[PDB]
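Single-letter residue listing:
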Amino acid sequence: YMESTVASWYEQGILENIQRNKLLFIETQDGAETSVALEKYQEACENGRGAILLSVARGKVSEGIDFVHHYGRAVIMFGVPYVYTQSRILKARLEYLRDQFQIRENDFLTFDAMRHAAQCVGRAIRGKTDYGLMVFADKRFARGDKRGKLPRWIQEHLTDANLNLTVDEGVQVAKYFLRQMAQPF
Amino acid sequence: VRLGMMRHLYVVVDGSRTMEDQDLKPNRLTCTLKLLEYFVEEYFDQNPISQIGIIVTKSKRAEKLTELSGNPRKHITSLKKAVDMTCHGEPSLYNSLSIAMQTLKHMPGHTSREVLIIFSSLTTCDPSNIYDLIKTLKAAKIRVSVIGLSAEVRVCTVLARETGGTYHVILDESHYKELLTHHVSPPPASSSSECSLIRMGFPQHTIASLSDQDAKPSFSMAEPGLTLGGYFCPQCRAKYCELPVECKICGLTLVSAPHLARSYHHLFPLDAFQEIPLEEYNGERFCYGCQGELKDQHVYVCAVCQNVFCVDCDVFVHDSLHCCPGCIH
Amino acid sequence: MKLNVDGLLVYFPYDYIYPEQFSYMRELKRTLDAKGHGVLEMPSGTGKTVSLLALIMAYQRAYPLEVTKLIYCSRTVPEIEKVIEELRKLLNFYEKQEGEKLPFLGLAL
Amino acid sequence: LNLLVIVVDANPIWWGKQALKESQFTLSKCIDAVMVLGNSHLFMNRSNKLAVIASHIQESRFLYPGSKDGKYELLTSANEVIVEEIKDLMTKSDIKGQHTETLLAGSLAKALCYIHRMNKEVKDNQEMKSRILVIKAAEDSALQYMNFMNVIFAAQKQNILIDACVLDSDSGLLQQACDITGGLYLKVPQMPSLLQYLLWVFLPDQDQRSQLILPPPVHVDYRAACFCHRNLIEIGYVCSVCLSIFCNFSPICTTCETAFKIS
Amino acid sequence: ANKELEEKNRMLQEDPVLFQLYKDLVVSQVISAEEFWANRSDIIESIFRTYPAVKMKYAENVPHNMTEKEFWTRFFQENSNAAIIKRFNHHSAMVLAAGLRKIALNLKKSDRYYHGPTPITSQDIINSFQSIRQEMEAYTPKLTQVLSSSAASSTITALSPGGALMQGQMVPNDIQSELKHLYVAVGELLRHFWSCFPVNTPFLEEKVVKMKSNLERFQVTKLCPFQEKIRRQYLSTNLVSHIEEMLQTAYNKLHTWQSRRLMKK
Ligand SMILES: [Zn+2]
Ligand SMILES: [Zn+2]
Ligand SMILES: [Zn+2]
Ligand SMILES: [Zn+2]
Ligand SMILES: [Zn+2]
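Residues numbered from 1 in each chain as written, not as in the entry; some residues may be left out. Chains lettered and ligands numbered in written order. Part of a larger assembly, values for the part shown. Heavy atoms only, no water.

Method information in the entry identifies cryo-EM as the source of the structure, with 4.3 Å recorded as the resolution.

Trainee: Describe the interface of chain A and chain E, and please don't skip the residues or the numbers.
Mentor: Taken together, the contact pairs 17 residues of chain A with 14 residues of chain E. Approximately 1,500 Å² of surface area, both sides summed, lies buried where chain A meets chain E, with 66% of it carried by carbon and sulfur atoms. Here chain A and chain E share zero salt bridges between them. If you look at where chain A meets chain E, you find five residue pairs in polar contact. Those elements giving two or more residues to the side of chain A that touches chain E turn out to be α1 (2-11), α2 (14-21), β1 (23-26) and α3 (31-46) of chain A. Tallied by class, the residues present in the side of chain A that touches chain E amount to nine nonpolar, two polar and six charged. (Contact = heavy atoms within 4.5 Å. Buried area = accessible area lost by both parts, 1.4 Å probe. Salt bridge = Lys/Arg side-chain N within 4 Å of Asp/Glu carboxyl O. Polar contact = N/O pair within 3.5 Å; in protein donor to acceptor, adjacent residues only side chain to side chain. Helix = DSSP H or I, 4+ residues; strand = E, 2+ residues; numbered from the N terminus. Nonpolar A, V, L, I, M, F, W, Y, C, P; charged D, E, K, R; others polar.)

Trainee: So what about the coordination of the zinc ion (ligand 5)? Which residues, and what values?
Mentor: Residue and element names in this part refer to chain D. Listed as protein donors to the zinc ion (ligand 5) are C239 (SG), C242 (SG), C253 (SG) and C256 (SG); their distances from the metal cover 2.3 to 2.5 Å. What the four donor atoms of the zinc ion (ligand 5) show is an angle range of 105 to 116° at the metal, which sorts the shape as tetrahedral. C256 gets classed as buried once you look at its relative accessible area, which sits at 11%. (Donors = N, O, S within 2.8 Å, 3.2 Å for Na, K, Ca; no water. Tetrahedral: all angles 85-135°; square planar, octahedral: opposite > 155°, others 65-115°. Buried < 20%, exposed > 50% of the residue type's maximum accessible area, 1.4 Å probe, protein only.)

Trainee: Which residues make up the environment of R73 of chain B, and what values do they have?
Mentor: Within the element layout of this structure, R73 of chain B appears in helix α2 (residues 72-82). When the C-alpha positions of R73 of chain B and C125 of chain B are compared, they lie 33 Å apart, and in sequence the two are 52 residues distant.

Trainee: Provide a residue-level description of the sheet that holds strand β8 (residues 198-201) of chain B, including the pertinent values.
Mentor: The sheet built from four strands is open, its strands ordered β9(B)-β10(B)-β8(B)-β6(D) with mixed pairing. Edge strands, defined here as strands with exactly one partner in the open sheet, are β9 (245-246) of chain B together with β6 (235-238) of chain D. Here β8 of chain B runs beside β6 of chain D; their pairing, made up of four bridges, is antiparallel. Among the inter-strand pairings, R199 of chain B is bridged to a residue of β6 of chain D, identified as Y237 of chain D. (Pairing = 2+ DSSP bridges.)

Trainee: Break down the sheet that holds strand β1 (residues 7-14) of chain B for me, with residues and values.
Mentor: Pairing is mixed across the open sheet formed by five strands, whose spatial order is β3-β2-β1-β4-β5 (chain B). Unpaired on one side and paired on the other, β3 (61-69) and β5 (143-144) of chain B mark the two borders of the sheet.

Trainee: For the coordination of the zinc ion (ligand 2), give the residues involved together with the corresponding values.
Mentor: Protein coordination at the zinc ion (ligand 2): the donors are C287 of chain B (SG), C290 of chain B (SG), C310 of chain B (SG) and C313 of chain B (SG), at 2.3 to 2.4 Å from the metal. In this structure, the zinc ion (ligand 2) is coordinated by four donor atoms arranged in tetrahedral fashion, with angles at the metal of 108 to 111°.

Trainee: Now, about the interface of chain B and chain D: what can you tell me, with residues and values included?
Mentor: Interface extent is often summarised as the accessible area lost during association of the parts. If you look at the interface, chain B gives 45 residues, while chain D gives 53 residues. Between chain B and chain D lies a buried interface of about 4,700 Å² when both sides are counted; carbon and sulfur atoms form 64% of it. Summed over the shared surface of chain B and chain D, the result is three salt bridges. We note a salt bridge from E42 of chain B to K157 of chain D, for which the minimum N-O separation is 3.4 Å. Elements with a contribution of two residues or more to the side of chain B that touches chain D: α1 (28-45), β8, α7 (257-261), α8 (264-267), α9 (311-321) and α10 (325-328) of chain B. Considering only residue class, the side of chain B that touches chain D consists of 23 nonpolar, 15 polar and seven charged.

Trainee: Describe the pattern of salt bridges, listing the residues and the values that go with them.
Mentor: Within the structure shown, the criterion is met by 30 salt bridges over all chains. Between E114 of chain B and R143 of chain B there is a salt bridge whose closest N-O contact spans 3.5 Å. You can see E114 of chain B sitting in strand β4 (residues 112-118) and its partner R143 of chain B sitting in strand β5, a full 29 residues away along the chain. Residue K212 of chain E pairs with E35 of chain E through a salt bridge whose shortest N-O separation is 3.0 Å. Look at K212 of chain E and you get partly exposed, because its relative accessible area is 38%.

Trainee: Residue-level account of a nonpolar patch on the surface, with values.
Mentor: Taken together, the side chains of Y1, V83 and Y84 of chain A present a nonpolar region at the surface, about 400 Å² in accessible area. With respect to the helices and strands, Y1 of chain A occurs in the segment before α1. (Patch = residues over 30% accessible without salt bridge, like charges linked within 9 Å, V, L, I, M, F, W, Y side chains within 5 Å. Areas by Shrake-Rupley, 256 points an atom, 1.4 Å probe, with all protein chains shown as cover.)

Trainee: Could you give me a rundown of the environment of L173 of chain D, with the residues and numbers involved?
Mentor: Along the chain, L173 of chain D falls in helix α6 (residues 172-181). In contact with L173 of chain D, other than residues within four places in its own chain, are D140, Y145, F148 and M149 of chain D together with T118 of chain E.

Trainee: Tell me about empty space enclosed by the protein, and please be specific about residues and values.
Mentor: By volume, the largest cavity amounts to about 190 Å³. Residue lining of the largest cavity: 19 residues in total, with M221, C236 and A238 of chain B together with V186 and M246 of chain E positioned closest to the centre. Going through the elements one at a time, α11 (174-195) and α13 (242-264) of chain E are the ones with two or more residues in the lining of the largest cavity. By residue class, the composition of the lining of the largest cavity is 12 nonpolar, six polar and one charged. (1 Å grid on protein atoms, 1.4 Å probe; cavity = no way out; pocket = protein on both sides within 12 Å on 5 of 7 lines; lining within 4 Å. Points joined across faces, edges and corners; volume = space filled by probe spheres on them.)

Trainee: Any details on the packing of aromatic side chains? Residues and values, ideally.
Mentor: What characterises a pair of aromatic rings is the spacing of the ring centres plus the angle enclosed by the ring planes. Across all of its chains, the model carries 25 aromatic pairs over all chains by this definition. Ring geometry for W9 of chain A and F78 of chain A: centres 6.0 Å apart, planes at 75°, overall edge-to-face. Note that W9 of chain A is positioned in helix α1 and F78 of chain A in strand β3 (residues 74-78), a separation of 69 residues in sequence. Take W9 of chain A: its relative accessible area is 28%, and that puts it in the partly exposed class. Centre to centre, the rings of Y43 of chain B and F44 of chain B are 6.0 Å apart; their planes meet at 35°, and the pair counts as tilted. For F44 of chain B, a relative accessible area of 7% translates into the label buried. (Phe/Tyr/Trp six-rings, centres within 6.5 Å; stacked < 30°, edge-to-face > 60°.)

Here it is as structure tokens:
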């Protein structure tokens with residue numbers, strides 16, 4: 001899905017403009033490329049070029065890496081993280097939980113996403129009170145079921161006013177919020 | 001707290017594309033230039049001995065819009081000209097900072113070199129890594145205090161604190177006026193800062209000796225017509241139209257007594273007057289500062305003269321007059 | 001920064017603790033007092049470890065027989081390394097407060 | 001409109017010396033001339049408003065915040081208020097031999113803020129062009145230089161014209177003051193005929209001052225002197241802290257105590 | 001390499017003032033010109049630095065029996081899906097790689113400021129204080145006492161152009177240009193002469209240039225009065241004497257310091 005979106009953007013002029021605004025980095029299955037790309041990514045954050053690291057939620061990079069101040073400032077989530085519904089391994093794991101412990105397939109399936117999504121979006125708040133905004137580019141997160149299964153600390157900050165901001169509307173609040181955090185305590 | 005009275009400050013303005021965005025009520029570039037013009041004149045009006053020089057960076061290249069000079073009008077003219085600038089390209093801190101470094105490298109040690117980068121587009125495409133340039137700046141003791149716009153850029157954060165400067169982000173247009181005006185005042189001298197005596201020259205206004213006898217005709221020194229009378233130099237002996245201006249030959253600063261006296265009040269900051277809203281046995285209806293009835297429950301008083309001042313009086317006194325009227329007696 | 005926790009008095013290296021930490025420590029002590037397995041969540045990636053580590057150390061001193069030792073597991077060796085730094089800092093703070101070495105051992109496999 | 005402020009320098013030590021000398025000119029006439037100038041000023045237009053300030057060795061007190069003789073009611077209040085107030089200040093005054101020099105810097109200080117107070121309250125629709133018609137009458141004090149210079153700069157930024165009218169003496173500081181802000185400087189030598197000057201030189205306002213012939217400005221000697229001697233010096237060696245004009249190169253300037261490093 | 005010749009050619013006609021003054025020092029054969037200087041597309045360019053492969057191809061594929069337009073065409077030209085991601089990482093990495101080249105103050109005397117550089121019995125106060133107190137028991141004498149016509153008339157006459165307190169030529173235009181050019185010439189050569197004059201520079205190598213520069217003052221000043229003579233013998237009006245003071249004052253500093261140097265020795 002990442003490649004398809006990347007290719008689609010590449011055909012249009014959207015991808016090129018993003019390259020102009022900021023450097024762009026992408027993740028691959030091979031670990032060797034991932035380490036080099038991330039190693040370069042850190043340098044870009046230090047410098048003023050910036051970087052946009054595309055990655056996969058299940059990627060070992062997402063779990064292994066930790067984002068701190070001036071690293072992964074704004075975590076962007078493109079789509080609710082769901083595993084493919086064809087891998088037969090999950091079925092025995094999934095359907096069994098329905099038979100034993102009485103968990104609905106959708107409940108665990110959605111729980112498999114919010115936990116996975118929360119894992120890959122809770123890094124920006126590592127420590128030392130370093131500001132950061134977590135934007136989830138999917139209307140599914142706006143559903144009450146997703147919001148409830150979201151961790152309490154993130155959810156309580158979230159409000160209905162900004163729950164379903166438009167792309168233009170979401171950008172404007174992001175700009176304003178960063179201003180407030182820029183000034184000292 | 002030691003203060004560096006003389007300072008060569010560069011207001012690096014970025015001609016980046018992001019300046020096109022009209023986040024402020026007028027165009028972002030125009031608002032800075034319009035307000036920066038206020039800063040330029042005010043800066044000279046609060047530090048005559050100092051001089052300023054503007055660098056404009058765009059399309060990954062830095063061009064000196066106006067070299068160091070002591071004439072506020074000359075710099076002001078450049079600002080208005082830049083209002084029509086195309087404003088297309090991408091800035092380069094290394095290019096901009098390097099240009100400032102080259103001209104400021106040869107500046108005298110006693111004067112406090114400073115740079116105020118008005119950063120607009122968060123990106124910084126530079127030919128060389130900027131962290132290396134930081135090492136040079138600290139050795140060159142050039143203070144760089146960025147004022148970011150709509151972004152808390154990381155690289156400039158270390159730039160300000162490592163180099164000694166301060167980092168800020170514009171909360172709004174009203175807050176923007178506050179920030180630049182703050183930088184107008186000379187910054188305190190830190191441990192790295194060193195002070196040294198500087199040669200100074202005081203000219204006297206001169207005119208025709210007696211009925212244009214043994215006159216001293218001359219045109220100017222930086223379409224000037226003949227001048228019957230004007231300022232001169234102890235050493236250049238070259239006519240100067242306006243002061244204060246650096247010698248074009250001696251290299252020794254020319255400046256009259258009043259200009260120096262304009263900077264004395266910095267050495268003598270006015271202690272803030274306690275605000276006591278209640279009357280506090282102040283039976284004088286008329287404000288001593290302005291001889292006007294106190295229409296608000298606010299009063300200010302010194303620790304020496306113990307006088308009474310209304311809101312306008314105290315606000316004015318600390319802001320511009322920089323001295324207590326009654327407490328002078 | 002000695003904290004007079006409801007269960008006992010607990011030391012702490014950093015100067016201040018947010019209200020969540022108070023809620024964290026008291027809830028953790030309740031599970032320890034009940035001597036029953038449980039689960040809890042803390043937002044901060046860092047800060048919980050020192051609060052989690054500090055409370056266990058204080059509980060060990062009060063009831064050494066209750067708890068033989070602490071087995072604190074982390075996902076990855078690069079990550080677990082950051083934990084021992086937190087523990088190492090805490091011991092020096094506690095050692096300075098006590099002023100002498102105590103029979104306490106901490107190691108990572 | 002225009003808000004005039006007349007800073008009359010009524011120094012009893014100097015003015016009283018005239019009374020002892022029994023000279024033709026007296027403080028009473030000086031107040032009357034200034035009174036007339038204020039009355040004539042407000043005469044110019046209804047929107048115009050004025051004020052007055054007196055100077056004494058101790059302090060400065062404002063002299064200004066029916067038709068019995070068939071007079072204009074408003075100016076009548078001005079005539080009565082100033083006459084009553086000026087006599088009270090002169091009649092009652094403590095004696096301090098230590099301090100006798102006339103105070104002017106503080107007197108101006110009250111004016112500058114006063115104009116600022118008026119400038120705030122007045123409606124933004126009408127623009128106010130303030131002015132200060134300083135009328136010195138005695139020699140200035142050396143110790144007042146620093147304070148007096150600051151107020152003059154404050155006037156420049158605030159756009160107020162200091163129209164000095166020194167008489168019987170040329171105070172180099174005051175003539176230096178007026179030049180910075182562009183105010184006129186007239187040294188009347190005929191004290192009895194002082195009033196003819198004001199209605200012709202000072203009375204016309206900045207709006208019409210340019211389109212009018214007035215006495216040329218006097219050359220200003222912007223002298224500089226070392227703190228050693230107070231003598232004219234053309235080359236000064238200031239430091240980066242004191243910003244003080246000194247005589248000759250020294251290992252360390254006394255007013256700084258800085259650890260200057262030779263080179 | 002003849003770098004100096006290239007620089008002169010670049011500024012030979014680009015800047016008139018710089019070459020106009022430099023030639024003038026040689027128009028009259030004052031001194032050698034050696035001391036003069038001694039003392040004082042984007043897309044291809046981005047690709048040039050962006051892709052080392054293109055740089056290697058360009059060197060190997062330098063135009064030979066081909067056209068630049070064709071070279072432009074060659075630029076743009078699951079297996080392909082992964083190529084774009086790899087190219088962006090490499091292209092982005094290359095772009096990043098290209099950009100990474102291998103005191104509280106205290107004082108003891110504050111009263112000094114209060115009386116800055118500006119320069120400068122007991123019963124008399126009592127006599128004046130009481131005498132003035134009795135002055136204004138009478139007030140509002142304005143009717144006649146404030147002014148008199150006889151005194152008033154004199155004041156107006158004084159305000160006349162011939163009166164007291166009221167004291168009261170652009171004929172040459174083409175001469176203006178000539179004078180401006182001469183003044184600039186003085187500044188260029190004075191600048192270097194005064195560049196190290198104020199500093200003592202008690203060093204053998206530092207002092208030599210001053211001696212050479214000091215001698216150059218005689219040479220440059222040797223020709224200056226000759227041009228003055230031409231201008232002087234026109235109308236003998238509007239004397240130009242300001243230029244002389246600079247030369248004599250420069251001479252006075254030269255001779256006075258020369259005597260001081262001898263005195264120090
Ligand atoms: Zn000079
Ligand atoms: Zn007041
Ligand atoms: Zn006071
Ligand atoms: Zn001296
Ligand atoms: Zn000093």
